[PDB]
Amino acid sequence: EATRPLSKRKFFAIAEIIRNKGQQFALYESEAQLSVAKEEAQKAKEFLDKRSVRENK
Amino acid sequence: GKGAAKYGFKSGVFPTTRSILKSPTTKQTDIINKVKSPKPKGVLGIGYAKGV
RNA sequence: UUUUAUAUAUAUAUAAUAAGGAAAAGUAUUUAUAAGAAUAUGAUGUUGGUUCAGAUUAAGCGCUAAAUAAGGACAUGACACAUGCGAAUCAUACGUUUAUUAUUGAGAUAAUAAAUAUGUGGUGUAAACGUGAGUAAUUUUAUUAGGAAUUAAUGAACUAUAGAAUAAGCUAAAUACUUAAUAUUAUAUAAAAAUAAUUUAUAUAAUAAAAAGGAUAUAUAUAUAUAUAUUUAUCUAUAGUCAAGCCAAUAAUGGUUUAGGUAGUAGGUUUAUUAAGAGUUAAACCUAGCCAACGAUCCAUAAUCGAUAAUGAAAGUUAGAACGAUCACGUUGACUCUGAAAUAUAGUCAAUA
RNA sequence: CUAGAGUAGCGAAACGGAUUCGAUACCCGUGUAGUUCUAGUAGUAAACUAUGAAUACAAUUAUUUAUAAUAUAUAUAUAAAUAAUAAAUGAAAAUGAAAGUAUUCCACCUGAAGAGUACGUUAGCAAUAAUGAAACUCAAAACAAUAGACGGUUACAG
RNA sequence: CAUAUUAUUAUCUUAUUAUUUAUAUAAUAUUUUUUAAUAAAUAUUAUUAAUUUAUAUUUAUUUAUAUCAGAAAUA
Ligand SMILES: [Mg+2]
Ligand SMILES: [Mg+2]
Ligand SMILES: [Mg+2]
Ligand SMILES: [Mg+2]
Ligand SMILES: [Mg+2]
Ligand SMILES: [Mg+2]
Ligand SMILES: [Mg+2]
Ligand SMILES: [Mg+2]
Ligand SMILES: [Mg+2]
Ligand SMILES: [Mg+2]
Ligand SMILES: [Mg+2]
Ligand SMILES: [Mg+2]
Ligand SMILES: [Mg+2]
Ligand SMILES: [Mg+2]
Ligand SMILES: [Mg+2]
Ligand SMILES: [Mg+2]
Ligand SMILES: [Mg+2]
Ligand SMILES: [Mg+2]
Ligand SMILES: [Mg+2]
Ligand SMILES: [Mg+2]
Ligand SMILES: [Mg+2]
Ligand SMILES: [Mg+2]
Ligand SMILES: [Mg+2]
Ligand SMILES: [Mg+2]
Ligand SMILES: [Mg+2]
Ligand SMILES: [Mg+2]
Ligand SMILES: [Mg+2]
Ligand SMILES: [Mg+2]
Ligand SMILES: [Mg+2]
Ligand SMILES: [Mg+2]
Ligand SMILES: [Mg+2]
Ligand SMILES: [Mg+2]
Ligand SMILES: [Mg+2]
Ligand SMILES: [Mg+2]
Ligand SMILES: [Mg+2]
Ligand SMILES: [Mg+2]
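So the protein sequences, as listed, match chains Q and V. Using the authors' numbering, the first residue of the first sequence is number 61, and each one after it goes up by one. Using the authors' numbering, the first residue of the second sequence is number 2, and each one after it goes up by one.
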């Protein structure tokens, strides 16, 4: 929206965000990292357990 | 000559007529109501949002 | 079709059966408007360029030319200029100078006439006029029912209202200049909402910033003063009118055989300056940004436009002479005073002649 | 072309022999580079279907080609390739499921010559590759087809 | 190879101007300490002109920054 000159090239200011897609794209990124870490750990534990079972045979 | 077709085929220009009352009067209820009406909220509107 | 029958294991195979027929006489404006020709070819068709038929000019030239009326007239050297004019006006701002009458004795003062604008002053030359050099936009042009910083205790110069117009000094004297007197914003309290601010009212703070008298008459008194009235002036305040300053969006020629450009550069935070925003300028400290093959930066060119002119069926294209609007300039460049507004056709400095 | 190795045949250039008025050519001999392999540079071809890609539709026939069936026979059905066509399109040749009917995107063209030339720039070891004008000259220039002439053009007859 | 004109600058010179420094027995106003010349009255007492003194408004002087225009270099 129109505003007083705030710099040489800046004459507009944000007023509101209809769509927060950019905001969500970072929250989801961090959440994905955190969840992937724990899911990795669980599945790696399962694989190690299966290796132990086949070692016992 | 061509552009005059837009303006009723009148060649030449008069100076723009001045308004006696520069600003709306207080007896124009409709203009005041539109001015006083709640501004449309969001982007199809005209104003800053509550949080921004 | 539909429904049902018999038979067989809710379903399957065979057989029969079908409801859709109603009639009646009379009750224009059409819109805008696009034409080709000659030349290829041994000849034909097609592609393809070239040229021509139309209109026009800021026109020039060759030949010719009667009058009247109207509209234009250095596009080029923003090249250089002899000569004369284009901005003066006020004697009712102050001063001077005479002549007569009167009183006073070479002069003095009045009244009446005049002259005086080579003295001190006021107003006018930011306009108009002419020009198109610069300007491709860093402030330029066009347009928007666009804005704010939410533009000044700005009037420039008229209208409508109220007030005031005081003292000294220096000028030889003043409506010349100085010194002095006096006459919206920031806070605090609340209110509301067009509210995450603005506006409103109040109360303070400072506003606190001025001025000027002339021409006449009369009325007083004692030529001197004074007091009114009429005229023309002066200053302040509110509103209007006319005006200004700043920014936003879109558009504004050619060359990328100009592909990278930009370091105040892009943004942020403060401070100085403005009436006012902003790297506009000046200072400080941070971030690494910003533009660009939908063409940056650089270069060349160019005053821009219209309800203006030409042309076309029209979209458009060309011009920007003439009429009108805007800008810029007044031999060249920078700065300064005044001012509301000037880098003024002013002043200072330099360059050219 | 740059390095290495390889090098039997073929074979630019070169050296000779023939032919010829002349041979600088065709023919013949010896034959260098190259053709080959590895590791690179470069990014040009008549790189052609002289026909960019995608989507919807469009009348037939004949073959194949590939599936799906049904019992060699259904001259079996569904697809794509190929050939000839209808309509349509086109200057025609001709195209024919695209050169048709439509939609979307990209690249390219604006007379011949000068000219893919000059200059500049970019890249490469270089050869070169990309980008790419202008002046001047002219009324030319080209495509398809027609009828001729001509061919050291074919075949058939007399 | 030669001529020309705009543009710039870690260079040189610089009019004028804008700020900014430092200095003035430098001035002018006013405020003091004082000295002369002068005026009324019974030793004066005040007055104007000059002496010293410290606040303003400037002048001369120089410190820095920028700056018309000129060279030098580059394009
Ligand atoms: Mg800012
Ligand atoms: Mg001919
Ligand atoms: Mg003609
Ligand atoms: Mg005339
Ligand atoms: Mg002229
Ligand atoms: Mg002209
Ligand atoms: Mg007089
Ligand atoms: Mg005079
Ligand atoms: Mg003017
Ligand atoms: Mg004019
Ligand atoms: Mg006086
Ligand atoms: Mg005065
Ligand atoms: Mg600022
Ligand atoms: Mg800047
Ligand atoms: Mg700075
Ligand atoms: Mg460009
Ligand atoms: Mg020009
Ligand atoms: Mg111009
Ligand atoms: Mg004109
Ligand atoms: Mg033009
Ligand atoms: Mg003229
Ligand atoms: Mg000027
Ligand atoms: Mg000038
Ligand atoms: Mg002149
Ligand atoms: Mg080799
Ligand atoms: Mg070999
Ligand atoms: Mg051989
Ligand atoms: Mg030969
Ligand atoms: Mg040989
Ligand atoms: Mg090879
Ligand atoms: Mg390669
Ligand atoms: Mg080639
Ligand atoms: Mg090619
Ligand atoms: Mg090709
Ligand atoms: Mg064709
Ligand atoms: Mg080449």
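All C-beta atoms, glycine included, are put in the ideal place defined by N, C-alpha and C.
Rounded straight-line distance, which links the Cα of V/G2 to that of V/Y8
Their backbone Cα atoms lie some 11 Å apart in a straight line.
Hey, which unbroken runs of the beta strand (DSSP E) at 3 residues or more fall wholly within the region 17-41 of chain V?
If we require 3 residues or more, the region 17-41 of chain V turns out to have no beta strand (DSSP E) run fully inside it.
Going straight from the alpha carbon of V/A6 to that of V/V14, what length do you get?
Going from the Cα of V/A6 to the Cα of V/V14 covers about 13 Å.
According to DSSP, simplified to helix, strand and coil, what is Q/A62?
Residue state, collapsed to three classes: strand.
Assuming V/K40 contacts V/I47 (C-beta within less than 8 Å), just tell me the rounded distance between them.
Under the criterion of beta carbons closer than 8 Å, V/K40 and V/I47 qualify as touching, at roughly 6 Å.
Collapsed DSSP secondary structure at Q/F72 in the structure displayed:
Reduced to three states, the DSSP call for Q/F72 is strand.
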